[PDB]
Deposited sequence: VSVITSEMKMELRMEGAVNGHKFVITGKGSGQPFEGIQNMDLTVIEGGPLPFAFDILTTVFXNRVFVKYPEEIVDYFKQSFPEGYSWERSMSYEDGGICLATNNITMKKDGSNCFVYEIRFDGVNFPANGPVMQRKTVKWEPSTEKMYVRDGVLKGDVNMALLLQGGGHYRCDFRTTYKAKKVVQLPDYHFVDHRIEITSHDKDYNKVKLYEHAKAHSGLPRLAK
């Protein structure tokens, strides 16, 4: 049985470092779990102005916000109220790499609100690279491949940051999702994503985010 409802909020706190630069970011928002859409506002409270592209952080700021077809098992909506946590490695093509974790829980006061505890760490970003030089434009939409591995769920996705001077900067995501309780495991499937920074101030101390995501079973064999 799922305790998820049509309108739910989320509050989060991210603590991290990129190339040794520490920072803390908090955020709050709301989303529609069954429609796979969500929005939130982020605030850099420590470490601002960030010397790296804010885009490397956006996919860290919850797969519960995915419209899952009735025929596909929803690993995430089943996990609450206890929740789940996830770990992820984000390997960029120029050697830069980031690791992140998010422990997601649900308030039991009936406020239909998620709480995220996030850690983000990145190293080896070249000084003249698009991340440290903040030359990224956005993440392109993507299709994450979901598959079970040793009782837990893995999600792999080929990501790409569109660059200001044109062209793309690739990053490979390897995420492991871990439900805090026993839930039904899904068969191999996909989750299409489209994340966007809808608004931000000059130094990205204030950022508005939006994401639309929908799960599916791939292209039908019949045209």
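Can you give me the gaps, meaning deposited-sequence stretches with no C-alpha coordinates, in sequence order? Residues missing from the model, as numbered along the full deposited sequence, span 62, 225.
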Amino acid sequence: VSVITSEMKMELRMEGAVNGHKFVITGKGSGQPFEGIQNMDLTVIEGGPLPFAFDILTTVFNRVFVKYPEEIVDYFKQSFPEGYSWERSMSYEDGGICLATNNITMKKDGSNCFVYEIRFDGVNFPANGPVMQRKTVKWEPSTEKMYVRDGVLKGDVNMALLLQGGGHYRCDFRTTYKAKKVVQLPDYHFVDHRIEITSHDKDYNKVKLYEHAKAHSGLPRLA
From here on, numbers count along this sequence of modelled residues.
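Greater mean Cα temperature factor according to the PDB record, 73 to 81 or 103 to 111: Mean B over CA atoms: larger for 103 to 111.
Which wins on mean Cα temperature factor, 19 to 27 or 210 to 218? Per the PDB entry, the higher value belongs to 19 to 27.
Could you tell me which one of 171, 162, 182, 195 shows the highest CA temperature factor in the PDB record? Reading the PDB entry, the winner on C-alpha B-factor is 182.
Identify, among 128, 143, 124, 91, the residue whose C-alpha carries the highest B-factor in the deposited PDB entry. Of the candidates given, the C-alpha B-factor peaks at 128.
Is the Cα B-factor recorded for residue 33 in the lowest, middle or highest third of its chain? According to the entry, residue 33 has a C-alpha B-factor in the chain's middle third.
Comparing residue 57 with the other modelled residues of its chain, is its CA B-factor in the lowest, middle or highest third? For residue 57, the deposited C-alpha B-factor lands in the middle third.
Where the record places residue 64 (Cα B-factor, split into thirds across the chain): Its C-alpha B-factor belongs to the middle third of this chain's values.
When the modelled residues of the chain are sorted by Cα temperature factor, does residue 44 land in the lowest, middle or highest third? Its C-alpha B-factor, which the entry lists for residue 44, ranks in the middle third among residues of this chain.
Ranking every modelled residue in this chain by its Cα temperature factor as given in the entry, which third contains residue 167? Highest third.
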